[PDB]
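Right, one structure below, let's go through it.
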Amino acid sequence: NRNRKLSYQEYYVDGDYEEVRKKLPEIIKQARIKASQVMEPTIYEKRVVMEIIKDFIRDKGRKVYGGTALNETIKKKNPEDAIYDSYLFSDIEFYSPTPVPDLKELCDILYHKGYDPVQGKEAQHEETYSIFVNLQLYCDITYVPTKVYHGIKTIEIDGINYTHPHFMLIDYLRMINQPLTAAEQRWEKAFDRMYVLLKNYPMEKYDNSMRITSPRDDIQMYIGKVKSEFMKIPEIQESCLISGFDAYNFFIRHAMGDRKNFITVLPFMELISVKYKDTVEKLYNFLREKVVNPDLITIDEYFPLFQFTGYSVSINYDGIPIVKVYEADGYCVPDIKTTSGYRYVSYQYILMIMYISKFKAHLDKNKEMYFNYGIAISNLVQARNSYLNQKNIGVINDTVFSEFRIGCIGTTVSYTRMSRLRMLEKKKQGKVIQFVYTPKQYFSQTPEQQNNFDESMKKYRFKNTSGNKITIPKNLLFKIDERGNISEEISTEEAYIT
Amino acid sequence: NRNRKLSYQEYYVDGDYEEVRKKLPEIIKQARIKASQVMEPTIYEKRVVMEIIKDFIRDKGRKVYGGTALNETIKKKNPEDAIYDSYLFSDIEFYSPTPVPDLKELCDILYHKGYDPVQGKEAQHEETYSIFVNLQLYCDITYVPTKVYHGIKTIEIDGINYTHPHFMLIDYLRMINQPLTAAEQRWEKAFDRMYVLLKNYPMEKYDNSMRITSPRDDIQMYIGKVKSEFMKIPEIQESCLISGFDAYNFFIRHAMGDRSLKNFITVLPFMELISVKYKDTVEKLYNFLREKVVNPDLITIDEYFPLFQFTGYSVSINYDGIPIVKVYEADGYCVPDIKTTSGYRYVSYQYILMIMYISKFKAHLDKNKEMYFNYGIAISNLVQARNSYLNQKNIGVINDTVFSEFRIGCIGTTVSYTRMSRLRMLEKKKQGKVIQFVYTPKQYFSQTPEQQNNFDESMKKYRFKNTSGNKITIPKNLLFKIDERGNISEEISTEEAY
């Protein structure tokens, strides 16, 4: 008894959905291609500005990363595997040890060539700067500390240095290894990019065996006590993840199952902590009461390395490392909880760690460790392949070898929340919210006003992500008194370079 | 130089890609669910703030639109067709005739309830305001002129007024009808939403015949000269599109093919055009009619303000108080067209479908019962003619005929949403205008009673653009000037809208 008189028509029937879904991606591509030809700035205008930027990159030997680098390295291997149509405009992202001087020089070149408006601005990502020509984004310039910068491996195509795919793979693994913050917006795209990257640039196979020097007998026993006793403390199990070679041996052991030459001697323990200061204090104290001579215990602190690691420590006995701790506060780290109670990092996490550790050994010119990490990567891929084959399972499964794991330990916050809180901190500190360089404004000024700007540019310092040992006491996160006791420095100042 | 000869291993085999692709959507959902339980603000905190907003919407009778409205109206019809699960967070969007007073009242309620930080901010799209509680977006408040607002049809669910799906359909058609600017970011999602909308709220079937009064014999001949002569001028063919009932008769004619009923053909009450060179067209058309008419002193122009987000400025060129032709402003849009062998253009099928919807809504606001039923019948006839045509031709919804959907061919100069938005910001900056209006209750209640009352008065001195769709009665607001000699010129005037 609602309303009987109503008649309706069927606009879409069953089968129409599938037809549109299949046809839409190509229609959308054609609409994008057409738009590029008739809308200001046109593809013809875009190409001319892009060639100027490319000339600067070529001249300076700057290292291109992101989509453009992945598209070019893939196209070199197989043109049918490209991510860009190369009619459909994309901005160029490049690394630089001097991003603000580069930003000015490139903005000046475009200004003197008759382009207006031309502006270089600070991007959303701090330490990244963007160039806009006629309100259109053309390139991103990212700071890389000099030492790290020269160590980035590239493939030269048409005179341009493109970041090696296996360096770029670290960034896709970083997204996969942040399940609570990156899954929603990055995982589908990260998998797509990783898949085509590895298809064209596959995992290497190494035949060699690892050459790790067995530590001094006392060191070996101290290492053993970190795993057998320190990793038993409930507060430690809930805030720490076993990483490095001990996590690597765990994955090898699971692949053997006993039904062996891949297993390595442990040079030192390596942990990742989400309560960094708390862990370092408790670990230093633990070693102080297990060791023969407590006065022979030292701590070496290291600055973060690029975008790859946080602050770290090396707790040494008689100048020999026992254990290394890495800061992960603010991240929810992917874990594997064992029946023993202790946690290991996930498979994709240890894979990323081996990649970062191999890159660090390459920066340190440590030939022995560079080849050892390379072999560990090869062995980890092999152990995983053998395991999935043996158990007849997919890449996503219910074992320790599963990919796209969401289980993690540690408090975290969304990228959006963190970004808004960072803006509030900048606003409170009376600091510049967004830096802007306009060559029109610059060259209209008097030579005194121009020199006042050129000095201001030189007084800017970036965070210290060199990975170097901390030598300035005011930059150290931990204090060791004359009685050898650990305390956190409450009045620690942010360290800058250069 | 020289690529090395190395050994490689497998990482992804056939068909690991497919396995990941299928499993990822659910893994991502679980990562999002977990994140909402452990990350600040939690789903529990979000639900409490959302209930306060919903209480305000319910008390004020505000009309909800977008995703929330579509999800709720669909669920009412069939719960298995939900566009998203209501466990997870989604922001709410609602229409208002007083969006700034509503924004203040709702921000004040949340402030007095103990929430901090609380801010109401101007959104990226002008006339829309956003509420942020603890750095999280909760709702969007969009301005709708009073007369238009009361005319929006709703479905009441749990005390909340949700915009009728067939009003919301106009907005999805708007996206489809902007191929060069909306294809990339909106078309796939717009199709998905339209499909589920029409499945649950189908196109109606009307049996009735249209009752359009045949114009006076002279008007009929004048109407004919607009089509037979005016539409043949090459600059007119390249800047105008035939719309209204003449474009409707074109689609009916194609459906029947002259050898989809013959009784579907209507008498033309007046010509209706859409121009991408609006002022140029109106001037030329007024001049054309001045020539062809007996007694040019009987020619008048009635101007109309834009209607909501649906139409631009319009004119009605009348003879002896009788309309001959109506012109609609579309400058800045690339309008989807059908170019005939004759040279003149019609709007596309999905374009005329949207026009009939807008025209029916306008007739509803004007309380023009005759035209309201006429446009309703034209919609029913247009869906029927298309269905009959595709059925006989045995073709998909995307085809090479005049009845094809997702057409990319269009006429007129356009620019990206991003470029337009940046140019608008520059204009606001030059004019010394507020770039982004922000209301912070904390700051307000901390201010003196004079400062607080200075703000309350500012909130009354603010004028939105006149999008009432009313006839312009103030001479200073008219876009076209008619002198004592009856000649047309474009009016200068910078500011005023009522």
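At-a-glance table
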read-out	value
Reachable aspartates and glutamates from B:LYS227, criterion Cα separation under 13 angstrom, eight or more residues apart if same chain	B:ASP246, B:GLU272
Segments B:197-206, B:133-142 sorted - mean Cβ within 10 Å per residue, highest first	B:133-142, B:197-206
Rg and Dmax of region B:30-77, Cα atoms only, in Å	13.6, 36
Kirkwood Rh and Cα Rg combined as Rg over Rh, evaluated for region A:387-492	1.19
Order of A:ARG21, A:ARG417 under a 10 Å beta carbon neighbour criterion, fewest first	A:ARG21, A:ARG417
Dipole magnitude of the protein assembly as shown about its Cα centre (Cβ charges: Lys, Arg +1; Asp, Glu -1), debye to nearest 20	1060 debye
Counting all C-alpha pairs of region A:316-359, share separated by more than 14 Å (%)	67 percent
Rounded, prolate or oblate (a/c below 1.5 giving rounded, otherwise prolate when a/b exceeds b/c) for region B:78-199 by Cα gyration tensor	prolate
Inter-part distance where region B:155-194 and region A:133-175 are each reduced to a Cα centre, Å	40 Å
Dipole axis of chain A (+1 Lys, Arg; -1 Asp, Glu on Cβ), positive-most option in A:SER96, A:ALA183, A:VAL118	A:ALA183
Set of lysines with alpha-carbon distance to A:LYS232 below 18 Å, sequence-local pairs under 8 removed	A:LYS275, A:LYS282, A:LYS290, A:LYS324, A:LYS337
Largest-first principal axis extents, alpha carbons of region A:1-71, Å	79, 27, 22
Modelled label reach - B:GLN30, point 7 Å along Cα→Cβ, region B:61-91 residues with backbone N closer than 13 Å	none
Tensor-based shape of region B:225-346 (alpha-carbon gyration tensor, a/c under 1.5 rounded, otherwise prolate or oblate)	prolate
Value of relative contact order over region B:95-180, rounded to a whole percent, pairs C-alpha under 8 Å and six or more apart	23 percent
Dipole moment magnitude, nearest 20 debye, region A:1-95 about Cα centre, only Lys, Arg, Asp, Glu C-beta charged	200 debye
Label-point separation in nm, B:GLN220 to B:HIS125, each point 7 Å along Cα→Cβ	4.4 nm
Rg ratio (alpha-carbon, reference 2.2 N^0.38 Å) - region B:301-446	1.44
Average beta carbon contacts from partner chains per residue of B:135-147, 10 Å cutoff	1
Ascending count of other beta-carbon atoms within 10 Å, so fewest first, for A:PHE435, A:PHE94	A:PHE435, A:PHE94
Net charge, B:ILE170 excluded, C-beta distance under 12 Å - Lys, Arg +1, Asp, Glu -1	+3
Of A:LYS189/B:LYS29; A:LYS29/B:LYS29; A:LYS367/B:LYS5; A:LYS60/A:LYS189; A:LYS29/A:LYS440; A:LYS23/B:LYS189, pairs whose Cα-Cα distance is over 25 Å	A:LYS29/B:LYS29; A:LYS60/A:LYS189; A:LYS29/A:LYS440
FRET efficiency for A:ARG259 and A:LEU421, using Cβ-Cβ distance with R0 set to 56 Å, rounded to 0.05	0.60
Enclosed volume per residue, in Å³, of the convex hull spanned by Cα atoms of chain B	252 Å³
Paired Rg and Dmax values of region A:152-240, which use every Cα atom, in angstrom	20.1, 57
Whole-Å semi-axes of the ellipsoid equivalent to region A:1-143 (Cα gyration tensor, √5λ, descending)	43, 19, 16
Centroid-to-centroid separation of region A:227-275 and region B:252-314 [C-alpha atoms, Å]	78 Å
Cα-based equivalent ellipsoid of region A:263-329: semi-axis lengths in Å, sorted from largest, via gyration tensor	21, 14, 11
Efficiency of FRET from Cβ geometry, B:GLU80 and A:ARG21, R₀ 22 Å, rounded to 0.05	0.70
Separation of alpha-carbon centers, region A:39-75 and region B:413-481, rounded to whole Å	39 Å
Shielding by partners, peptide B:375-388 (average Cβ within 10 angstrom, other chains)	1
Normalised per residue, the volume of the convex hull around the Cα set of region B:177-285 (Å³)	174 Å³
Size of electric dipole in chain A: Cβ of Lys, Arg +1 and of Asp, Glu -1, about Cα centre, debye, nearest 20	720 debye
Reachable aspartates and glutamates from B:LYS34, criterion Cα separation under 13 angstrom, eight or more residues apart if same chain	A:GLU184, B:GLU26
Column: log10 I(q)/I(0), Debye, Cα scatterers of region A:190-234, q = 0.33 Å⁻¹	-1.05
Partnerless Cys - chain B, beta-carbon criterion under 4.7 Å	B:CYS107, B:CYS139, B:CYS240
Quotient of Cα Rg and 2.2 N^0.38 Å for the protein assembly as shown, N being how many residues it contains	1.12
Calculated FRET efficiency for the pair B:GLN309/A:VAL13, C-beta based, R₀ 30 Å, to 0.05	0.45
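Each reported figure results from applying straightforward, stated rules to the coordinates on display, with no laboratory input. All Cβ positions, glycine included, derive from the backbone under ideal geometry; neighbour counts span all protein chains shown.
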